[PDB]
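A.B. asks: My structure is below; once you've seen it, I'll send some questions.
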Amino acid sequence: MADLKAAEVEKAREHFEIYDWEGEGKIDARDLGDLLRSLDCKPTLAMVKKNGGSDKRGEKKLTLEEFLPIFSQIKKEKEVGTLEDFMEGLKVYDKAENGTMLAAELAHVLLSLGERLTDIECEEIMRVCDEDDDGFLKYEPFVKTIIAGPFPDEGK
Amino acid sequence: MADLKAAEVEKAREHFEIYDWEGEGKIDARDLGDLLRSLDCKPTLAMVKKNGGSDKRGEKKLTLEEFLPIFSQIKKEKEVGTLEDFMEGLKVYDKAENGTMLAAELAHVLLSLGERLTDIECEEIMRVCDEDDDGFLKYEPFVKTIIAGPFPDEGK
Amino acid sequence: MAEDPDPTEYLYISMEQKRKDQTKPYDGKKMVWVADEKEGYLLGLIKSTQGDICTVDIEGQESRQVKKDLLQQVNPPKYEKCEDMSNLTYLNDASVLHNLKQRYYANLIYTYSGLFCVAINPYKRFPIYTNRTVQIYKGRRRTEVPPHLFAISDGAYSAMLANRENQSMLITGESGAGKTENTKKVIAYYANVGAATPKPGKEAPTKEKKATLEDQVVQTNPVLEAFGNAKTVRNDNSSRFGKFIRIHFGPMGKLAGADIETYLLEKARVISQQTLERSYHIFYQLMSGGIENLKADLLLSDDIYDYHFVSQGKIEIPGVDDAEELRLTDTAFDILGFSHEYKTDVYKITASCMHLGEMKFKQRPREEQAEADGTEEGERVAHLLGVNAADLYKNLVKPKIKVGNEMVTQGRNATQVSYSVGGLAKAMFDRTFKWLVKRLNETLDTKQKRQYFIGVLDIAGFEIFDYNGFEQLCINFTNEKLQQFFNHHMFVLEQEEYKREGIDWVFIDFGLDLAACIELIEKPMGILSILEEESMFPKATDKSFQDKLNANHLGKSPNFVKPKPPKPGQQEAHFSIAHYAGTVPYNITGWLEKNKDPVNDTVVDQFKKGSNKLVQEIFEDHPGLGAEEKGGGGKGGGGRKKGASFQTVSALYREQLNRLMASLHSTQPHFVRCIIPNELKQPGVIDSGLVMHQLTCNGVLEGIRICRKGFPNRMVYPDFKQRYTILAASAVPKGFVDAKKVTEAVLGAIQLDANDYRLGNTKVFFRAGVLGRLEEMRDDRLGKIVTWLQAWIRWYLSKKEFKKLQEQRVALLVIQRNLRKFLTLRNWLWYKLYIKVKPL
Amino acid sequence: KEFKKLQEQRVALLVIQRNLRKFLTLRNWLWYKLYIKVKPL
Amino acid sequence: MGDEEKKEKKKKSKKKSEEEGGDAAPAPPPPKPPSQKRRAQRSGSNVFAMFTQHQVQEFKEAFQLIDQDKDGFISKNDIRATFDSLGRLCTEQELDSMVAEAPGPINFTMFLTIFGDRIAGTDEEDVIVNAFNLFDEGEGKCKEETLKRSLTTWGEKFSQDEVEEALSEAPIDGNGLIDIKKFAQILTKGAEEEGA
């Protein structure tokens, strides 16, 4: 958890600034989805659609000034999650005794649990090693490129 | 083909500037035949003389106006892609019809009868067709290969 | 969840019992199954036991003194309202019988019988079209995936993809199971493993747009079915012929294509009919189904009994039309990439094989020779070939019979004349179909993915009528060899694979022979037959046929019914040969005339010939099949070899027959033993008498003795460790290691009950029951870490595949930091460029 | 097939004809060439 | 960051080298962690000799703006002020560039370590592909003509003169000026036209 504090406001400004590109400070409706996810409220797709979001093309533009009186509600009941949990979890599957993961196999176990993986996301889990021999991930560089985000900004 | 088309005139105005090395017009006598061959009309040297044209160097030369009655006589007669005496003109050493004739009598009969052309082309009528060791080489596919053509239509 | 899978596709169980440890103390004994004298097994009670002898009464109303081993102790609730029937270890006919009855009651059709399954096939189709299906057969639980043929195909794909060496799935059966109807559900697993590219706006829908290879692999089975399938009334949708299908699977399991050859085809189901045989399915399709365009040109009626080789209406089996089945197949040409031309040209030749029927005893003269007073009848044949009514009505009436090698005729009366009209049709239909598969096979040689296959062998048809053709006989001489791959895989290759893997099992092989006198090499098989290799000439005796049969087929075959010959003239002798199905009274004559041909090579061959040569390619390239080397002599063709040979394509089919059989011999078994449930081919009806009979010939005792440890689920031990998820640790693996007695710890760590596991360090092996439903409850329990990976994969996808909000932004801001001052920053204090500047 | 080599020559003939005129025009209007050798300053 | 915000954190971010007066504020907000400063300034350190050349004349071309006096040692901000507006061509914002190519007053004596401090400067050496490259969706090197593009369509807005000038003044290598050369600009490849 956490209440309204300077650190969260920064987290939200940072994700938002990635999510634009126009340089106009406007993000579309759908991007509310993954902003909130990155903030570690752990929403479901229901929570997104509740906030007039979308899993389709945008409909309208949001400024941060709209987004934040949504967000200060969202924070209540959340877990910021640990990292070490996903490592321990994904060590369970092995394929060399080294924490290595065939791509199809890693999509499938997610599919068949939880709220259940969509057609598209199993293609994304698969995407890395697509259509060759299938196709081995490793748990540590997997989790890490996901959480870090692929270029939140770099100095190189 | 069996009649002049409007695009074969539009093709021939373009290809007029090729024939005269200046980029003007005046159809060269060998390039008389190259224009009829890039418009689906492929007479013999004895059919050329009937239309009153040319297909080889040293023969009459004409202008594009003068080319239209010559071009129109081939359309009324054979060789615009019609079938008769092509793959109907081959075989007489076999009283069997298996769609085959002898290898030896499919490369020195075009050289001992016919208008007589290159030994390399005598080797293409043998190459397009199947080979067996029973002495049976087909005659009927090399002709259909010509129906397929570089361009079935108007060359460019 | 609540420990039952969620219906979407039909026939999913909703359980009462759980196949877990409770069921184990139930086993026998009070009631047992005694054998009826009228065929079948029914339920008896032991009234008194005199030691090793017993007196077990029957509901037949007999009292019978029986011997221990015969009376099967009653099968416990492990096969009542469970997904299970994989755990079978119970012997003889009855064990299986009870359990399949209770399978219908349990809302299912196909079930495991160990590794060597039993399939009870009525044919029904669950929707495949849903975006629901392409998650379900994209791998899920062992009861989200039902114990239908999709399961085995999961555990083949999972097997193959873990251990990196090849498998097969080999279906046997008899007339009363339509092999092909089964195979399309194997393919429907494969074809719906697919997923599609991300949508840019985060759209979950997509898929049913991918992919023409999967589509192709399906579609070919309707094309193959319309020509080769006819029907019976014991076997609705009877494939009477033989096809070998190698299906190829990708990295992700996605179908890559199918190299499909064809073995034989009938020339005896359209030369005349036996009572309650229907001719080839396509005729009726074409007739009922036809659009107004083709109806005009092809000159078709939708009325029957205006023919004689096309008689018998619709036969009731679910999910088959003739009319709607036309549109399916017409599309199935379109999809293959076949030519829009060649469809109608082929239809013209196809539809004359209807038209031909109703002609007999045409000695009425027009020209001082046997022709006919008919017109319309033969004009509707005539136009579609080109040749006129006279070419037709001359050449029908009698064959030019090679006698010595010269040409004579016989006197032929009404029936004789009838049978010779049917000749012209069967030569056309065989020869078109034979061109036809092979030119469609070319296009299906694209792979472009991993080179792993399963080869599915479908050689069916058998038939039990007073007359079957010589064509069907050569098909059933393969059927014998199928029962030998059973022997070779049920004893041998099953436990060779168990040994390699190091899975537990005492390695014991029992004796059983169902044939062993046949060789899987050409040269023995092509001493046979004198009704082949000398029949085209009148030197062929039916006597020597049987003699050469009795050496090569009989010695190690047991269910083989001997030839007793009627010594006068030409045989009406009967024999029969081993198969899972009964005794066949054969008629031996007429086999003669068919390879002296009732309507010759020559007569057919000239419809093949063209007039622009485009016509020719459609049927031939030019050596043989419509063009002729001439002369008398030779076997086979066509007109190689040589001339009017009078066809003997059955000998050519020794050669090739070696080539199909031997590779398939060496492949490691998945098996489906397709049993006739009932004749009407309908869910909730099964006959005891049929199944009792099929299983005694399919050596059911032996067939459970090895398969008492049957495993037809085989996956990855990591994968299954991961589906339960293990967050407790004291000593619990996360390692890729043995499951011998280790599977009890990675279950029991956090919750779960355990009843089924087996050793594995590459492939892990399961049987049905305990796994699946407990893994649906892990959807309900697993909150937290699992579902937050899933939300994180949503955040992954969305960030990458927006396509402009991705890594575009970081670059664009640094790009800007230069753009604000681009005039300044592209130089410095000292201008150093004097090298290559547009004016400087 | 060879007429293809000649078909791209139809526009090329129009370029050499203007260029031959410019072979004499720029020889009355020189100081329009100068390229690397040893003479530049 | 809302509409209004990204106006403010041009002027407020401003993480060196970006702390410059601008064209209408300097660079568009880098995201909240200060990783990207390194692409705001790169700096090396090789000194190159003065009077070794005969394109050495160049220092006399710059001179007047950076040496009002005839033996220099003028005021210390005047390099940071005037040279911005027409020295190494027009439009001011050369503040931190100038304070990082001169380490105090520039004159003919001091010239060794400005010629040298060119190679330290801002966005000099420390060559890296990814910086501009990741724009065009990581597909091919990201050069001149796509930067011009971006300035009229997306991103924060700045004075259009500088860009049209900069394209025209290009040397041309044929794929324009890649990210490599955008850094490595000190060693080969510069500008044309007015100034310094």
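In the structure tokens, each chain is lettered A, B, ... as it comes, each chain's residues begin at 1, and ligands are numbered from 1 in order of appearance.
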Would you pick out the contacts of residue 2 (chain A) at 9 Å or less, using only C-alpha atoms, so that residues sharing its chain but fewer than 5 positions from it are not included, and give the list as a list in words?

C.D. replies: residues 8, 75, 76, 78, 79 and 80 of chain A

A.B. asks: Residues of chain D within 7 Å of chain B, using only C-alpha atoms, as a compact mmCIF listing (two decimals) with N, CA, C and O atoms, in the first residue's frame?

C.D. replies:
# COMPACT_ATOMS: atom_id res chain seq x y z
N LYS D 4 13.64 -5.66 -74.31
CA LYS D 4 13.70 -5.04 -73.01
C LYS D 4 14.92 -4.03 -72.76
O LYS D 4 14.79 -3.04 -72.06
N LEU D 6 16.35 -2.74 -75.17
CA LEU D 6 16.12 -1.73 -76.18
C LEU D 6 15.02 -0.83 -75.80
O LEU D 6 14.84 0.20 -76.42
N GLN D 7 14.18 -1.24 -74.83
CA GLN D 7 12.97 -0.50 -74.44
C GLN D 7 13.45 0.51 -73.42
O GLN D 7 13.00 1.69 -73.42
N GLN D 9 16.21 1.91 -73.74
CA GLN D 9 17.04 2.73 -74.62
C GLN D 9 16.23 3.77 -75.32
O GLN D 9 16.78 4.73 -75.91
N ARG D 10 14.89 3.68 -75.30
CA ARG D 10 13.95 4.66 -75.93
C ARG D 10 14.00 6.02 -75.20
O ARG D 10 13.91 7.05 -75.85
N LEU D 13 17.95 7.71 -75.77
CA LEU D 13 18.22 8.23 -77.05
C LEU D 13 17.93 9.65 -77.11
O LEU D 13 18.63 10.40 -77.78
N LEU D 14 16.95 10.08 -76.33
CA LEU D 14 16.49 11.46 -76.11
C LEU D 14 17.47 12.19 -75.23
O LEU D 14 17.34 13.41 -75.25
N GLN D 17 20.88 12.94 -77.58
CA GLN D 17 20.67 13.90 -78.66
C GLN D 17 20.78 15.31 -78.18
O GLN D 17 21.02 16.18 -78.98

A.B. asks: Find the nearest atom pair between each residue of chain E and chain A for residues within 6 Å, count only C-alpha atoms, give distances in Å to one decimal, sort rows by chain and ascending number, and present the table as JSON lines.

C.D. replies:
{"residue": "E:1", "atom": "CA", "partner": "A:13", "partner_atom": "CA", "distance": 4.8}
{"residue": "E:2", "atom": "CA", "partner": "A:64", "partner_atom": "CA", "distance": 4.4}
{"residue": "E:3", "atom": "CA", "partner": "A:25", "partner_atom": "CA", "distance": 4.2}
{"residue": "E:31", "atom": "CA", "partner": "A:14", "partner_atom": "CA", "distance": 5.3}
{"residue": "E:32", "atom": "CA", "partner": "A:14", "partner_atom": "CA", "distance": 5.4}
{"residue": "E:35", "atom": "CA", "partner": "A:155", "partner_atom": "CA", "distance": 4.8}
{"residue": "E:36", "atom": "CA", "partner": "A:155", "partner_atom": "CA", "distance": 4.4}
{"residue": "E:38", "atom": "CA", "partner": "A:155", "partner_atom": "CA", "distance": 5.0}
{"residue": "E:39", "atom": "CA", "partner": "A:155", "partner_atom": "CA", "distance": 5.9}
{"residue": "E:154", "atom": "CA", "partner": "A:22", "partner_atom": "CA", "distance": 4.5}
{"residue": "E:155", "atom": "CA", "partner": "A:23", "partner_atom": "CA", "distance": 4.1}
{"residue": "E:156", "atom": "CA", "partner": "A:23", "partner_atom": "CA", "distance": 4.9}

A.B. asks: Can you check which parts of chain E lie within 7 Å of chain C? Per residue, the shortest pair of atoms and distance in Å to one decimal, counting only C-alpha atoms, sorted by chain and number, as a tab-separated table.

C.D. replies:
residue	atom	partner	partner_atom	distance
E:22	CA	C:820	CA	7.0
E:23	CA	C:820	CA	6.5
E:26	CA	C:820	CA	6.9
E:27	CA	C:817	CA	4.8
E:28	CA	C:813	CA	6.1
E:30	CA	C:813	CA	6.8
E:39	CA	C:814	CA	6.9
E:58	CA	C:830	CA	5.9
E:59	CA	C:830	CA	6.6
E:62	CA	C:829	CA	6.7
E:88	CA	C:824	CA	5.7
E:89	CA	C:824	CA	5.8
E:90	CA	C:823	CA	6.7
E:93	CA	C:821	CA	6.9
E:118	CA	C:828	CA	6.9
E:131	CA	C:811	CA	5.7
E:132	CA	C:811	CA	5.0
E:133	CA	C:811	CA	6.9
E:134	CA	C:811	CA	5.5
E:135	CA	C:808	CA	4.7
E:137	CA	C:808	CA	6.4
E:147	CA	C:815	CA	6.6
E:155	CA	C:812	CA	6.7
E:158	CA	C:820	CA	5.4
E:159	CA	C:820	CA	6.8
E:162	CA	C:823	CA	4.7
E:163	CA	C:822	CA	5.9
E:165	CA	C:823	CA	6.5
E:166	CA	C:823	CA	5.2
E:171	CA	C:837	CA	4.5
E:185	CA	C:826	CA	6.9
E:188	CA	C:833	CA	6.1
E:189	CA	C:833	CA	5.5
E:190	CA	C:827	CA	4.7
E:191	CA	C:827	CA	5.7

A.B. asks: Would you give me, as a ChimeraX atom specification, the residues of chain C that come within 7 Å of chain A, using only C-alpha atoms?

C.D. replies: /C:139-140,195-198,201-204,251-252,449-450,718-719,721-723,725-727,734-736,778-780,782-783,785,787-788,790-791,793-798,805,807,809-810

A.B. asks: Leaving out region 487-498 of chain C and any residue of its chain fewer than 2 positions from it, which residues lie within 9 Å of it when counting only C-alpha atoms, given as a ChimeraX atom specification?

C.D. replies: /C:115-116,482-485,500-505,507-514,665-671,702-703,706-707

A.B. asks: Between CA of residue 277 (chain C) and CA of residue 545 (chain C), what is the distance, to one decimal in Å?

C.D. replies: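 About the pair CA of residue 277 (chain C) and CA of residue 545 (chain C): they are 27.3 Å apart.
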
A.B. asks: Give the alpha helix (DSSP H) residues of region 12-152 of chain E, as DSSP finds them on the backbone, and put them as a PyMOL selection string.

C.D. replies: chain E and resi 37-40+58-62+95-98+112-115+130-133+144-152

A.B. asks: What does the file look like for those residues with C-alpha atoms, as a tab-separated table (two decimals), in the first residue's frame?

C.D. replies:
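So again-v3.tsv came out as:
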chain	number	residue	atom	x	y	z
E	37	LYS	CA	21.55	13.67	-18.49
E	38	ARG	CA	24.29	11.66	-20.07
E	39	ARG	CA	22.66	12.20	-23.45
E	40	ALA	CA	22.25	15.84	-22.58
E	58	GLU	CA	39.21	29.68	-38.05
E	59	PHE	CA	40.08	30.93	-34.45
E	60	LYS	CA	40.33	34.51	-36.09
E	61	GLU	CA	36.87	33.97	-37.61
E	62	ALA	CA	35.37	33.30	-34.16
E	95	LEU	CA	25.13	28.94	-22.74
E	96	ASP	CA	26.39	25.63	-21.28
E	97	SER	CA	28.02	24.74	-24.55
E	98	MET	CA	30.16	27.81	-24.30
E	112	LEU	CA	44.93	24.96	-27.07
E	113	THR	CA	42.30	24.20	-24.42
E	114	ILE	CA	39.42	25.36	-26.32
E	115	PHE	CA	40.29	23.37	-29.38
E	130	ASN	CA	20.73	3.79	-29.34
E	131	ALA	CA	20.16	7.42	-28.38
E	132	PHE	CA	18.48	8.89	-31.50
E	133	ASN	CA	18.16	5.30	-33.05
E	144	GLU	CA	18.69	14.54	-40.15
E	145	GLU	CA	15.43	14.32	-42.29
E	146	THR	CA	13.42	12.40	-39.63
E	147	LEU	CA	14.48	15.02	-37.01
E	148	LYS	CA	13.10	17.82	-39.16
E	149	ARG	CA	10.02	15.75	-39.55
E	150	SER	CA	9.54	15.24	-35.90
E	151	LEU	CA	9.91	18.97	-35.07
E	152	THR	CA	6.76	19.89	-37.16
